[PDB]
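Structure first, commentary second.
Cβ sites come from the backbone with ideal geometry, for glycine too, and all protein chains shown count toward neighbours. No lab work stands behind these numbers, since they all come straight from the coordinates.
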RNA sequence: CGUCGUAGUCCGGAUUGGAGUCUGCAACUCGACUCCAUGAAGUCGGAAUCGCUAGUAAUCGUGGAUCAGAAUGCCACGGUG
RNA sequence: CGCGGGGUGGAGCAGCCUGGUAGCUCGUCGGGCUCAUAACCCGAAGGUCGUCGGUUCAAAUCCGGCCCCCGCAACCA
RNA sequence: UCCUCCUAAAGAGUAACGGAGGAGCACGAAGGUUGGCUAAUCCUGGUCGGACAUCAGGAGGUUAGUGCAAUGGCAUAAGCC
């Protein structure tokens with residue numbers, strides 16, 4: 001399961017997304033995904049999406065992932081009132097925007113991300129899909 | 001800082017006594033440095049403290 | 001004290017009559033020995049070197065001086081300003097004066113005497129002539145029982161390669177091995 | 001680079017002289033030569049100098065790196081200083097020691113006239 | 001957690017800025033804890049215990065572009 | 001003056017610091033002392049410069065210390081490569097004195113604090 | 001008589017290779033004797049305790065048995081006491 | 001809630017605070033006393049000093065984390 | 001109560017039980033000043049040497065250090081002789 005390295009500081013700030021940022025050129029492979037939308041992505045979502053692909057791709061590839069959790073989130077008991085204060089770290093998250101490629105592939109010809117992505121898109125936010133390699 | 005004050009004596013007639021707070025926790029030796037006083041204005045020799 | 005006369009007459013210099021060198025600035029030259037004598041575990045004695053203070057100047061033509069440490073706490077015990085050795089460095093005439101006892105009369109103790117191995121050679125032809133421990137030379141009051149310490153000697157050259165630094169081993173004879 | 005250490009000592013001096021501006025006397029020496037030059041109050045050019053290159057010294061001195069040759073330049077730059085009336089002149093030693101040939105030059109410059 | 005404090009009241013800002021009046025002495029730059037990023041050049045110097053490049057003569061600032069790469073000096077103008 | 005001894009004691013007979021150490025043996029190393037004018041009964045001090053030149057003359061006749069230990073060590077290291085009985089017993093810490101490790105192997109074992 | 005100390009010693013030479021010498025299918029492994037060389041341990045010794053009344057304790061040599069080929073163990077002998 | 005301690009060859013705790021540095025009484029095995037085991041006197045072996053790191057020339061101690069325990073304890077809409 | 005870096009908005013003080021930490025002292029020397037010096041770390045090799053040991057060479061450097069904290073700077077050294 002995905003559990004990122006302990007942060008230098010005990011807690012972090014969540015931060016705002018600009019909802020664009022180009023990152024469409026594949027550099028760990030030759031093809032990937034289309035994002036075309038904006039939102040928040042969690043560690044459990046990218047591990048559940050990895051599970052969906054791991055079950056369909058068996059051991060071929062591997063597949064490289066350009067999204068990784070960036071922040072831990074603070075969580076506390078539900079009954080604590082509004083005011084004081086921030087709890088301990090629980091789940092880890094990242095931000096996604098239209099120019100992201102998310103996942104990068106090359107060693108998996110025609111059995112992943114070439115005809116459909118529906119089975120992995122069902123685990124994710126922003127109704128994602130596959131992309132074809134950019135050559136010109 | 002929380003250290004003992006002891007004033008140096010002049011070897012001659014002088015209206016001032018220079019106040020020392022010299023640490024004596026590793027240095028038992030005496031302090032002799034010369035100071036200025038605005039009366040005779042030819043420097044004063046100060047002795048015997050801590 | 002005669003090497004100073006011969007090193008100026010032909011030793012690695014008559015070479016210049018058959019090889020393409022217009023000055024001694026392209027030929028091998030020897031002018032330095034950066035001597036040292038270590039104290040080792042002397043901090044657990046602290047009384048013998050307190051009286052053997054000129055015992056390195058007994059073999060070197062310069063003024064004795066105790067070297068002070070550059071380390072204040074160590075896993076072998078040291079203290080700030082503790083004396084850690086003695087140098088009594090050889091250059092020029094005192095280096096040629098000192099070299100006249102090396103290999104010629106330094107034979108009271110041996111460990112190979114056929115050339116050992118070319119350590120610290122620097123790719124130039126830097127030659128070993130050390131004795132590991134002092135062997136005692138004839139001067140004054142040298143026949144008695146007296147203690148001896150660690151002594152190692154390398155003769156370093158201005159040559160550019162051991163192909164040309166070896167012109168010294170073509171002017172003198174000493175046992176050599178690579 | 002032991003040559004650069006002399007230049008560092010000159011950077012120290014050049015920075016220290018920069019707040020003075022004004023007329024400046026620079027002394028420079030080498031193992032065979034010595035010279036001294038007076039720099040203008042705008043810093044952009046020389047006014048007068050003395051150097052062991054002149055046949056007035058170089059034909060009379062048996063070696064130009066000598067003490068008496070440093071004194072010959074000191075006694076010439078002091079003589080040319082009196083010709084151009086220079087006062088409030090700040091001294092500069094080009095990263096060298098003052099002791100030795102720069103002192104032996106200065107000692108004779110204050111023998112040919114005013115201090116210096 | 002908490003107790004990170006930082007404390008209260010500190011400034012040392014905006015005094016080394018724009019056109020000067022050229023008739024009293026000026027700080028030139030009051031940037032905090034200066035040891036080599038700026039320094040002084042030309043006829044002026046500043047060696048104060050609070051790292052101020054305060055000029056000791058009356059004049060205006062040059063806002064000079066000379067000096068090696070990212071090291072630029074506090075200097076007074078000729079007028 | 002000394003020729004083969006390295007220990008500190010002074011003014012002894014010409015055998016204790018002259019023979020039976022590091023490689024010099026005792027069989028030919030003592031016959032040379034009469035040519036140097038040195039007596040072998042009762043403590044003596046006649047070995048100095050001059051006398052010792054008669055002893056510094058002996059060259060290439062014997063070997064001492066690490067080069068004599070090299071001679072035996074290589075003469076066992078050639079066997080430690082092989083399946084020989086003394087090969088493994090010098091590759092591993094095992095006795096060769098025909099010992100009973102039930103009773104006495106004390107030199108090969110050690111303390112016995 | 002000569003010689004020597006409070007030093008793991010003049011010593012010791014226990015250990016480790018290389019040569020040999022003997023007996024014997026055979027001594028590699030488990031045998032003895034020898035030589036040139038190398039080289040370590042031992043300077044009273046755990047809680048605690050052992051034994052007899054004079055040629056006894058204490059201590060040094062000599063012999064035999066076993067045996068193709070070795071004992072320091074086994075059985076005996078005398079000197080000093 | 002919140003507060004204050006403990007974690008030390010196998011067991012249970014001194015040690016720490018005061019820096020020049022790994023232990024005691026038992027335990028385990030083997031002895032000594034004995035016909036023998038206990039009582040009792042000796043001999044021997046083994047510490048991630050919970051444990052990951054930090055800090056320092058330098059610790060188990062300085063000190064953050066990740067766990068395991070106890071004592072006061074829930075004495076407020 | 002005091003103090004740094006940041007939040008704090010390319011003009012300034014600055015909020016919320018905001019973010020990383022400290023200060024109630026230290027040093028008569030660790031202060032003044034002249035001239036110098038230049039790390040660190042690692043590799044090489046040198047009896048007594050468990051193990052870091054010496055002096056010299058090579059690579060190499062706003063990377064060593066700065067009384068203490070966080071921060072900015074560093075040979076014109078504010079770092080040490």
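In which sequence would B:33, C:90, A:119, B:8 go, from the one with the fewest C-beta neighbours within 10 Å to the one with the most? Intermediate values should be presented prior to the final figure.
Values: B:33 10, C:90 21, A:119 13, B:8 24.
Ranking B:33, C:90, A:119, B:8 by Cβ neighbours within 10 Å, fewest first, gives B:33, A:119, C:90, B:8.
At a 10 angstrom cut-off on C-beta neighbours, averaged per residue, how do the peptides D:59-65, F:98-104 rank from highest to lowest? Spell out each step's value before the answer.
Working: D:59-65: 12.1, F:98-104: 9.0.
The peptides rank, most packed first, as D:59-65, F:98-104.
Over the residues of chain B, compute the C-alpha Rg and express it relative to 2.2 N^0.38 Å.
Values: Rg = 11.7 Å, N = 50, 2.2 N^0.38 = 9.7 Å.
So chain B has a normalised radius of gyration of 1.20.
Measure out, as a whole number of angstrom, how far apart the alpha-carbon centroids of segment A:89-117 and segment E:1-31 sit.
50 Å
Based only on Cα atoms, what Rg/Rh ratio does the protein assembly as shown have, Rh being taken as Kirkwood's radius?
Working: Rg = 42.5 Å, Rh = 38.5 Å.
Checking Rg against Rh, the ratio lands at 1.11.
Calculate how many DSSP beta bridges within segment C:3-172 are antiparallel, expressed in % of all such bridges and rounded to the nearest 5. Please list the in-between numbers first.
Details: 11 of 11 bridges.
Here the share of antiparallel DSSP bridges comes out near 100 percent.
Averaging over all projection directions, find the projected area of the Cα convex hull of segment C:3-172 and quote it in nm² with one decimal place. Kindly include the intermediate steps, with their values, before the conclusion.
Values: hull surface 49.1 nm².
Result: a mean projected hull area of 12.3 nm².
If each Cα of segment F:10-91 is one equal point scatterer, what is log10 of I(q)/I(0) from the Debye formula at q = 0.15, 0.22 Å⁻¹?
-0.65, -1.03
Average partner chain C-beta neighbours within 10 Å, per residue of C:132-139?
Working: counts 0, 1, 0, 0, 2, 0, 3, 0.
Average per residue, whole number: 1.
May I ask you to derive the relative contact order of chain A, considering only C-alpha pairs under 8 Å and at least 6 residues apart, and to give it as an integer percent? Each step should come with its number before you reach the end.
Working: 245 pairs, mean separation 55.3, N = 136.
It comes to 41 percent, rounded to a whole number.
At a 10 angstrom cut-off on C-beta neighbours, averaged per residue, how do the peptides C:153-161, C:105-113 rank from highest to lowest? Intermediate values should be presented prior to the final figure.
Values: C:153-161: 17.1, C:105-113: 14.1.
With the highest mean Cβ count within 10 Å placed first, the list reads C:153-161, C:105-113.
Could you give the distance between the Cα centres of segment F:30-106 and segment C:18-61, to the whole Å?
34 Å
Quick one: Kirkwood hydrodynamic radius for chain D, alpha-carbon pairs, angstrom, one decimal?
About 14.5 Å for chain D.
Restricting to DSSP H runs of at least four residues, report the calculated mean residue ellipticity at 222 nm for chain A, -39500 (n - 2.57) per run over all residues, nearest 500 deg cm²/dmol.
On the way: 2 runs with 19 residues, N = 136.
Roughly -4000 deg cm²/dmol at 222 nm, from the helical runs in chain A.
Counting only C-alpha contacts under 8 Å and six or more residues apart, can you give the relative contact order of chain F as a whole percent? List each step's numbers first, then the result.
Details: 89 pairs, mean separation 21.5, N = 113.
Result for chain F is 19 percent.
To check you understand DSSP bridge types, tell me what percent of the beta bridges within the protein assembly as shown (both residues inside) are antiparallel, rounded to 5. Working shown, then result.
Numbers: 44 of 48 bridges.
In the protein assembly as shown, approximately 90 percent of DSSP beta bridges are antiparallel ones.
Give me D for segment F:1-52 in µm² s⁻¹, whole number, from Stokes-Einstein with Rh from the Kirkwood sum over alpha-carbon pairs, 25 °C and 0.890 mPa s.
Details: Rh = 11.2 Å.
Estimated via Stokes-Einstein, D reaches 218 µm²/s.
Report D for segment A:21-136 in µm² per second (integer): Stokes-Einstein, Kirkwood Rh on Cα pairs, 4 °C, 1.567 mPa s. It would help to have the intermediate numbers written out before the result.
Values: Rh = 15.5 Å.
The Stokes-Einstein estimate is 83 µm²/s.
Of the beta bridges DSSP finds with both residues in chain D, what % are antiparallel, to the nearest 5?
Numbers: 12 of 15 bridges.
Percent antiparallel among DSSP bridges in chain D is about 80.
Report, in cubic angstrom per residue, the convex hull volume of the C-alpha atoms of segment D:29-89. If you can, show how the numbers build up before the last one.
Details: hull volume 5.3 nm³, N = 61.
Taking the convex hull of the Cα positions in segment D:29-89, it is 87 Å³ per residue.
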